[PDB]
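K.L.:
Below are the structure tokens for one structure; questions will follow.
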Amino acid sequence: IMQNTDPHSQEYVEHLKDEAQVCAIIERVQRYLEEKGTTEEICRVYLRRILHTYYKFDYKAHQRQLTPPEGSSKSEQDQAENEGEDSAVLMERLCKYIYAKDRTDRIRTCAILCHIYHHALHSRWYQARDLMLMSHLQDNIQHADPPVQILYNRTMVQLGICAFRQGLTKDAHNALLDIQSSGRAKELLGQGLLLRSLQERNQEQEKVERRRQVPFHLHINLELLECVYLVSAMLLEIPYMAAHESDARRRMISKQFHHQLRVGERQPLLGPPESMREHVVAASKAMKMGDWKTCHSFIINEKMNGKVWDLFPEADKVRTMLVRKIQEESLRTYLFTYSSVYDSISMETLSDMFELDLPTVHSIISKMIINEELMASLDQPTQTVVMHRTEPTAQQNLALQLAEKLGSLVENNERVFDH
Amino acid sequence: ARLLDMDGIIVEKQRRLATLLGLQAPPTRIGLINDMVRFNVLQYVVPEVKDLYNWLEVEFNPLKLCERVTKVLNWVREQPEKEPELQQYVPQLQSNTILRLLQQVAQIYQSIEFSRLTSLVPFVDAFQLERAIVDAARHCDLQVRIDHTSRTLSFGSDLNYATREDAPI
Amino acid sequence: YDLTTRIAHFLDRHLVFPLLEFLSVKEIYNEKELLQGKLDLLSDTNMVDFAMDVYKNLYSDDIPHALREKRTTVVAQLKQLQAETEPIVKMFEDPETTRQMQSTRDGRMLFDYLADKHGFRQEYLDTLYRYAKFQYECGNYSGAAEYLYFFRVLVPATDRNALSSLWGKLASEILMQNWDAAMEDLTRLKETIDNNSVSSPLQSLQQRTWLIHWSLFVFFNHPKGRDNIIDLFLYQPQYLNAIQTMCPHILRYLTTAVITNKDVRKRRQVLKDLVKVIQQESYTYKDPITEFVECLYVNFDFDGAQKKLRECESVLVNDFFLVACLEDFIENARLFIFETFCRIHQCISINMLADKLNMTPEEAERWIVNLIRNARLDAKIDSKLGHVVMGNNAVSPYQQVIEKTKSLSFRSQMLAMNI
């Protein structure tokens, strides 16, 4: 069914309702179990049931917790609801042994990928991060058949998502990097044409994917996935390149968000952004200039366009996570250029201006001058910096010093080859 | 983008745009205005505005300019019979007049207290404008030590002489 | 980690001998008393550390476990109950058993002498069988267990016996306060687990816990033990993957072992690979002291840092736990942060410093002058104010490359110039 009915629109709803009803059925087929009694094979009812529990939502992992738990009914039924949210992550603990018991890699690598899903969304991303790092299913997917390849890709999405939802640029980068090196998420979700560049032959074989994959209600937006990746990297790389073009350059890395920004950067003709790419480029330029203001443009407007914002109840959180990072890294991009110009700084100004507070701006500027290896002297009780780090001619001098220094270093390879 | 990558692949396109517009090279600035005012342009110009550039281009004097221009600003910023087209071009051109003023006073003064500096310049807010100066300063149009412990500004006689002060090109 | 795919199945089903129980309802600071209730079970009944609690804050809840030990001395437990004015009428079974033990002993004691006398293997191994039997019945019989394992530790079924016996000995000898004999097992028990059996987690992780045990107390130079244990099962703050295990003072005592006896170079290795890892993410949610000790430090807070650091030292001096380095931590907890705070600094007041840590400014002065004597900072005192000044902005890094970039090429062109 949930394949041949199509799609944005509507026969659709009585069919969703049959879906409700089959939910019913599978529920039913569960409590009954005389099986041979209880435990020891039923587990597959349980399997079906967790396949119809697994891809459900923040709102139904937090109808137990944020439909108010002292505002909700105290009736055995409400506990059966609060236990109903437990009952799938229960059958993990239970029915491992009822499988627990089969070692078959193709069901092991399948099951655990669905389990790591539950964690990051319903609960801790910690437990999600733990579970895959324990399992080491990078080796095991080789032993697994090509549906579970799709699950491996699919699970990696939702972890780079809940990286960005917990607010960690780094982990969201590395997670969503592996997908965005490629343009195969298309064919992995069973959507690919034979020609959509030139590559994707042959006819009778891509139909296998159409037959095996996939209901529409399990999908995610790829512009989401794109933007979430390109924004994670943004906060890492714009200070990085601000540092680089203040002549810290030797760390300039291709085939990264650097490239993905570059292709959009080199438009002669961009005015207002009307694509999600262009909204990323738009906020990127604002970040370079170091105005907070330009971040807010794409974070509000393109997220309404685009409904990158409107798919999370945690967009409320992730707003604050985005905002203060922008305000800190924009301050940092500003400082990477401006610090030649300074003689000193009212650190109080920076707090007021970038909308931050002194305890944090202390810790920021403290971390900065330690680890970015600046020639600032930092009076933290007086809230003053005294810097005086020269020279504008240095931009040429250090550059020819490098051009010089590069001479001898390659030259020693030309020696060591020769001999 | 240019200052980053090297480097265009981003100039011949501008030349092409110029051609399109009918030009062969790249337009220039209030230079442009000299251009299209070699004609009888000091005249037809309606005198809502006739005596606003008689400040900006013609009249001196840094420590009065933002004062002087406040009234022809308030005049033109009533938009509906004067082409609403104009009055979205006005806020940038107001900042451009400030930008003009900010460049001069690095040669008029060698230092100035920020409290004096506030009174020199009629504007909406100081908290806004300082950041727009620090922006211009960061984009190397002038050199200032506007941020500083006392909250006072130092333009400096030379210190280290560079084209950062001069606005470089 | 790679063992953790296997620990994932087991789900915390470890094999402690008192089974779960320690002292009940307790009143004092709790992350302290955490580790006591932990190691009560993991050490096979502690003893002294029944009473180690009861000193500061009285309980009668040490009495239940004070019924239940026989290998420390049977009758020592038979008194502590009587002291709490308890009728205990039917103590007729330990007088029965441990009497008839002596009737059994007069055989083995006779056979034992005659065999080591002759130097005759068979008479000694049949004794070793009779005697390794005997010593776990009651190990008081204190020196007898040491005598038993002096000549031969290789019993009929070597490792399984040897493990539980050397562990029963490492346990009982620490309880007897015979720390020379316990130091004998410090050689031998750790070697036995490094000669691992199956290497199932229930074995391995318990054995890994038993390494934390001999290092706990402190006889001689257990900081050598630190350097040895950290290079075993490598670089984990518990050694036990899966985050169930919580041991606060393994890291506090490691922090003491690093700083008080060695350089701190050498502590930012720790700050990465023991203060940030998967196990320790769990831990950072929990323990107040060890959190303040590092999180405040690495963020380069000074205000909340050196205050809440100084606050830790109130909870430190409440420690009646076996440590014997308790005050050199109190010392270094002020030293270590100060160096790092002042590292990039302009001008700190000796007076502000002395207000904080509750010393006189003279003390703080000679302290600072001794931190500069030790050359942990290059600084100089503004004596008139009583402020201390770091001010290196160290401009002109050009010349660093210039000497060697030609002195390399000059002498390296000599190569190709030769032939």
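To be explicit about the labels: the chains of the structure tokens are called A, B, and onward in the order shown, and within each one the residues are counted from 1, while ligands get numbers from 1 in the order they are shown.
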Name the residues in contact with segment 14-31 of chain C at a cut-off of 6 Å, using only C-alpha atoms, excluding same-chain residues fewer than 3 positions from it; report them as a PyMOL selection string.
P.N.:
chain C and resi 34+37+41-42+44+61-62+202
K.L.:
Each residue of chain A with at least one atom at most 10 Å from chain C should appear once, together with its nearest atom pair and the corresponding distance in Å (one decimal); atoms considered: only C-alpha atoms; ordering: chain, then increasing residue number; output as CSV.
P.N.:
residue,atom,partner,partner_atom,distance
A:93,CA,C:11,CA,8.8
A:96,CA,C:9,CA,7.9
A:97,CA,C:9,CA,8.7
A:100,CA,C:9,CA,8.3
A:126,CA,C:281,CA,8.6
A:127,CA,C:243,CA,9.9
A:129,CA,C:278,CA,9.0
A:130,CA,C:278,CA,7.5
A:131,CA,C:8,CA,8.2
A:132,CA,C:5,CA,9.0
A:133,CA,C:1,CA,6.7
A:134,CA,C:5,CA,4.9
A:135,CA,C:5,CA,4.6
A:136,CA,C:5,CA,7.2
A:137,CA,C:5,CA,9.5
A:359,CA,C:301,CA,8.0
A:360,CA,C:301,CA,9.0
A:362,CA,C:301,CA,7.3
A:363,CA,C:299,CA,5.8
A:364,CA,C:299,CA,8.2
A:365,CA,C:300,CA,9.4
A:366,CA,C:300,CA,6.0
A:367,CA,C:300,CA,6.6
A:369,CA,C:344,CA,7.1
A:370,CA,C:344,CA,6.8
A:373,CA,C:344,CA,9.8
A:374,CA,C:393,CA,8.4
A:375,CA,C:393,CA,4.7
A:376,CA,C:393,CA,6.1
A:377,CA,C:346,CA,5.2
A:378,CA,C:345,CA,4.6
A:379,CA,C:346,CA,4.7
A:380,CA,C:345,CA,7.3
A:381,CA,C:348,CA,7.3
A:382,CA,C:347,CA,8.5
A:384,CA,C:346,CA,8.7
A:385,CA,C:346,CA,7.8
A:386,CA,C:346,CA,7.6
A:387,CA,C:393,CA,6.9
A:388,CA,C:393,CA,7.7
A:389,CA,C:395,CA,6.5
A:390,CA,C:395,CA,7.1
A:391,CA,C:396,CA,8.7
A:394,CA,C:398,CA,8.9
A:397,CA,C:398,CA,8.2
A:398,CA,C:398,CA,7.1
A:401,CA,C:398,CA,7.6
A:402,CA,C:401,CA,9.1
A:404,CA,C:405,CA,8.1
A:405,CA,C:405,CA,6.1
A:406,CA,C:405,CA,9.2
A:407,CA,C:405,CA,8.7
A:408,CA,C:409,CA,6.0
A:409,CA,C:405,CA,8.6
A:411,CA,C:409,CA,8.4
A:412,CA,C:412,CA,7.7
A:415,CA,C:416,CA,7.3
A:416,CA,C:415,CA,9.9
A:418,CA,C:416,CA,8.5
A:419,CA,C:416,CA,8.4
K.L.:
For chain A, which residues have at least one atom within 7 Å of chain B, if we go by only C-alpha atoms? Write them as a compact mmCIF listing (two decimals) with C-alpha atoms, in the first residue's frame, please.
P.N.:
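As written to disk, out_37.txt reads:
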# COMPACT_ATOMS: atom_id res chain seq x y z
CA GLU A 245 43.37 35.49 5.78
CA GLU A 265 30.15 32.43 -3.63
CA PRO A 268 28.24 37.58 -10.01
CA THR A 337 41.01 41.20 11.56
CA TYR A 338 40.59 44.15 13.94
CA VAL A 341 44.03 48.23 14.79
CA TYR A 342 43.56 47.97 18.62
CA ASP A 343 45.67 49.47 21.32
CA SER A 344 43.24 48.30 24.02
CA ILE A 345 39.63 47.21 24.52
CA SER A 346 36.76 48.02 26.84
CA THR A 384 40.63 45.38 29.79
K.L.:
Enumerate the residues of segment 98-198 of chain C with a DSSP assignment of alpha helix (DSSP H), computed from the backbone, and present them as a ChimeraX atom specification.
P.N.:
/C:98-118,121-134,142-151,158-176,179-193
K.L.:
Generate the output file for the selected residues, C-alpha atoms, as a tab-separated table (two decimals), in the first residue's frame.
P.N.:
chain	number	residue	atom	x	y	z
C	98	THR	CA	35.76	-22.97	63.73
C	99	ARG	CA	36.50	-25.30	66.68
C	100	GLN	CA	36.43	-28.38	64.42
C	101	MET	CA	38.64	-26.43	61.95
C	102	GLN	CA	41.44	-26.79	64.53
C	103	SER	CA	40.89	-30.57	64.68
C	104	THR	CA	41.21	-30.54	60.86
C	105	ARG	CA	44.25	-28.22	61.07
C	106	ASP	CA	46.39	-30.56	63.17
C	107	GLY	CA	46.57	-32.85	60.10
C	108	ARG	CA	47.54	-30.20	57.54
C	109	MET	CA	49.93	-28.34	59.89
C	110	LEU	CA	51.70	-31.67	60.50
C	111	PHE	CA	51.72	-32.64	56.79
C	112	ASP	CA	52.89	-29.11	55.84
C	113	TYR	CA	56.08	-29.10	57.94
C	114	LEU	CA	57.12	-32.65	56.96
C	115	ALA	CA	56.82	-31.90	53.24
C	116	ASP	CA	58.69	-28.60	52.98
C	117	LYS	CA	61.17	-30.31	55.38
C	118	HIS	CA	61.83	-33.19	52.95
C	121	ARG	CA	56.85	-32.24	45.87
C	122	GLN	CA	54.07	-34.83	46.17
C	123	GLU	CA	53.66	-34.49	49.95
C	124	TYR	CA	53.60	-30.69	49.45
C	125	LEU	CA	51.02	-30.64	46.62
C	126	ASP	CA	48.60	-32.99	48.37
C	127	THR	CA	49.19	-30.63	51.34
C	128	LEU	CA	48.61	-27.64	49.01
C	129	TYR	CA	45.30	-29.26	47.95
C	130	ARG	CA	44.37	-29.93	51.62
C	131	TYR	CA	45.56	-26.46	52.69
C	132	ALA	CA	44.20	-24.29	49.83
C	133	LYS	CA	40.91	-26.06	50.66
C	134	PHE	CA	41.33	-25.06	54.27
C	142	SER	CA	46.16	-14.97	58.99
C	143	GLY	CA	49.86	-15.75	58.31
C	144	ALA	CA	48.92	-19.30	57.30
C	145	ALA	CA	47.47	-17.97	54.02
C	146	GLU	CA	50.72	-16.11	53.40
C	147	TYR	CA	52.69	-19.26	54.30
C	148	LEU	CA	50.45	-21.34	51.98
C	149	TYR	CA	51.12	-19.05	49.00
C	150	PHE	CA	54.78	-18.38	49.84
C	151	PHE	CA	56.32	-21.45	48.19
C	158	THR	CA	45.62	-23.18	39.02
C	159	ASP	CA	44.11	-19.86	37.88
C	160	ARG	CA	40.51	-20.13	39.09
C	161	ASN	CA	41.55	-21.02	42.62
C	162	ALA	CA	44.64	-18.71	42.51
C	163	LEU	CA	42.51	-15.72	41.41
C	164	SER	CA	39.78	-16.08	44.08
C	165	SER	CA	42.46	-16.95	46.67
C	166	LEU	CA	44.93	-14.11	45.94
C	167	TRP	CA	41.84	-11.87	45.83
C	168	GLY	CA	40.56	-13.37	49.10
C	169	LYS	CA	44.06	-12.68	50.43
C	170	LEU	CA	44.39	-9.14	48.98
C	171	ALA	CA	40.96	-8.54	50.53
C	172	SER	CA	41.62	-10.13	53.95
C	173	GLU	CA	45.21	-8.82	54.33
C	174	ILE	CA	44.07	-5.20	53.76
C	175	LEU	CA	41.40	-5.90	56.45
C	176	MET	CA	44.05	-7.39	58.80
C	179	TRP	CA	49.91	-4.10	54.18
C	180	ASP	CA	53.23	-5.89	53.52
C	181	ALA	CA	51.27	-9.07	52.69
C	182	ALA	CA	48.73	-7.02	50.72
C	183	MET	CA	51.71	-5.54	48.81
C	184	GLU	CA	52.72	-9.14	48.02
C	185	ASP	CA	49.35	-9.62	46.28
C	186	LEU	CA	49.93	-6.22	44.57
C	187	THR	CA	52.57	-8.16	42.58
C	188	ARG	CA	50.65	-11.36	42.00
C	189	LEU	CA	46.89	-10.68	41.68
C	190	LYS	CA	47.41	-8.08	38.93
C	191	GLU	CA	49.65	-10.60	37.13
C	192	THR	CA	46.89	-13.28	37.40
C	193	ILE	CA	44.26	-11.05	35.74
K.L.:
Hey, what's within 9 Å of segment 86-96 of chain B if we count only C-alpha atoms and toss same-chain stuff fewer than 4 positions away? As a PDB file with N, CA and C atoms, in the first residue's frame, please?
P.N.:
ATOM      1  N   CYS B  66      26.898  66.651   9.613  1.00  0.00           N
ATOM      2  CA  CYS B  66      25.787  65.857  10.086  1.00  0.00           C
ATOM      3  C   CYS B  66      24.668  66.682  10.664  1.00  0.00           C
ATOM      4  N   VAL B  69      23.009  68.602   7.350  1.00  0.00           N
ATOM      5  CA  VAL B  69      22.274  67.793   6.402  1.00  0.00           C
ATOM      6  C   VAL B  69      20.998  67.231   7.001  1.00  0.00           C
ATOM      7  N   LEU B  73      17.581  65.935   4.759  1.00  0.00           N
ATOM      8  CA  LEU B  73      17.194  64.586   5.124  1.00  0.00           C
ATOM      9  C   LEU B  73      15.746  64.470   5.513  1.00  0.00           C
ATOM     10  N   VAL B  76      13.437  65.139   2.381  1.00  0.00           N
ATOM     11  CA  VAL B  76      13.317  64.119   1.360  1.00  0.00           C
ATOM     12  C   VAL B  76      12.683  62.859   1.884  1.00  0.00           C
ATOM     13  N   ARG B  77      12.914  62.498   3.172  1.00  0.00           N
ATOM     14  CA  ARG B  77      12.416  61.283   3.786  1.00  0.00           C
ATOM     15  C   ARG B  77      10.908  61.200   3.917  1.00  0.00           C
ATOM     16  N   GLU B  78      10.161  62.318   3.702  1.00  0.00           N
ATOM     17  CA  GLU B  78       8.772  62.255   3.286  1.00  0.00           C
ATOM     18  C   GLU B  78       8.709  61.806   1.846  1.00  0.00           C
ATOM     19  N   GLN B  79       8.223  60.563   1.620  1.00  0.00           N
ATOM     20  CA  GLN B  79       8.440  59.842   0.386  1.00  0.00           C
ATOM     21  C   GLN B  79       7.438  59.917  -0.756  1.00  0.00           C
ATOM     22  N   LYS B  82       7.903  62.164  -4.123  1.00  0.00           N
ATOM     23  CA  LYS B  82       9.288  62.417  -4.449  1.00  0.00           C
ATOM     24  C   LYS B  82       9.925  61.136  -4.935  1.00  0.00           C
ATOM     25  N   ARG B 100      31.944  59.781   4.902  1.00  0.00           N
ATOM     26  CA  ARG B 100      32.693  60.907   4.385  1.00  0.00           C
ATOM     27  C   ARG B 100      33.273  61.715   5.515  1.00  0.00           C
ATOM     28  N   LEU B 101      32.432  62.015   6.535  1.00  0.00           N
ATOM     29  CA  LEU B 101      32.822  62.743   7.724  1.00  0.00           C
ATOM     30  C   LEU B 101      33.874  61.987   8.505  1.00  0.00           C
ATOM     31  N   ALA B 132      29.357  50.897  13.444  1.00  0.00           N
ATOM     32  CA  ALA B 132      29.484  51.250  12.044  1.00  0.00           C
ATOM     33  C   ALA B 132      30.788  51.961  11.726  1.00  0.00           C
TER      34      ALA B 132
END
K.L.:
List as a short mmCIF file (atom, residue, chain, number, x, y, z; two decimals) with C-alpha atoms, in the first residue's frame the protein and nucleic acid residues near residue 53 of chain A, meaning an atom at most 10 Å away when only C-alpha atoms are counted, but skip any in the same chain fewer than 5 places from it.
P.N.:
data_model
loop_
_atom_site.label_atom_id
_atom_site.label_comp_id
_atom_site.auth_asym_id
_atom_site.auth_seq_id
_atom_site.Cartn_x
_atom_site.Cartn_y
_atom_site.Cartn_z
CA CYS A 23 -1.49 -0.59 14.30
CA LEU A 47 9.68 -6.91 15.99
CA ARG A 48 6.69 -5.82 13.90
CA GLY A 84 3.39 2.51 26.29
CA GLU A 85 6.26 4.98 25.64
CA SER A 87 7.12 -0.59 25.92
CA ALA A 88 9.29 -0.51 22.77
CA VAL A 89 12.60 0.36 24.49
CA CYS A 114 16.49 1.05 14.70
CA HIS A 118 14.89 5.75 19.51
#
K.L.:
As a ChimeraX atom specification, please: every residue in chain B that DSSP puts in strand (DSSP E).
P.N.:
/B:111-113,152-154
K.L.:
Report the distance between atom CA of residue 309 of chain A and atom CA of residue 296 of chain A in Å, rounded to one decimal place.
P.N.:
12.3 Å
K.L.:
Need the shell around residue 104 of chain B: protein/DNA/RNA residues with any atom at most 12 Å away, counting only C-alpha atoms. Skip same-chain ones fewer than 2 positions apart. Format as a PyMOL selection string?
P.N.:
chain B and resi 60-63+65+97-102+106-110+141-143+155+165-167
K.L.:
Identify, on the basis of only C-alpha atoms, every residue whose closest approach to residue 63 of chain C does not exceed 12 Å; exclude the query and any residue fewer than 5 positions from it along the same chain; express the result as JSON, numbers by chain.
P.N.:
{"C": [22, 23, 24, 47, 50, 51, 54, 58, 68, 69, 77, 78, 79, 80, 81, 82, 83, 84, 85, 86]}
K.L.:
Just give me the gap between atom CA of residue 93 of chain C and atom CA of residue 48 of chain C in Å, one decimal is fine.
P.N.:
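So the two atoms, atom CA of residue 93 of chain C and atom CA of residue 48 of chain C, lie 24.8 Å apart.
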K.L.:
Report, in Å with one decimal, the straight-line distance from atom CA of residue 96 of chain C to atom CA of residue 135 of chain C.
P.N.:
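Value for the atom CA of residue 96 of chain C-atom CA of residue 135 of chain C distance: 17.2 Å.
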K.L.:
Set the distance at 12 Å and use only C-alpha atoms: which residues neighbour residue 38 of chain A once local chain neighbours fewer than 6 positions away are removed? I'd like the list as a ChimeraX atom specification.
P.N.:
/A:30-32,94-95,98
K.L.:
Restricting it to C-alpha atoms, dump the selection as a tab-separated table (two decimals), in the first residue's frame.
P.N.:
chain	number	residue	atom	x	y	z
A	30	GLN	CA	1.24	-9.22	21.20
A	31	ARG	CA	-0.66	-9.46	24.48
A	32	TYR	CA	-1.83	-12.89	23.37
A	94	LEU	CA	13.52	-8.28	26.74
A	95	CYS	CA	13.73	-9.64	23.24
A	98	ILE	CA	14.50	-14.07	22.59
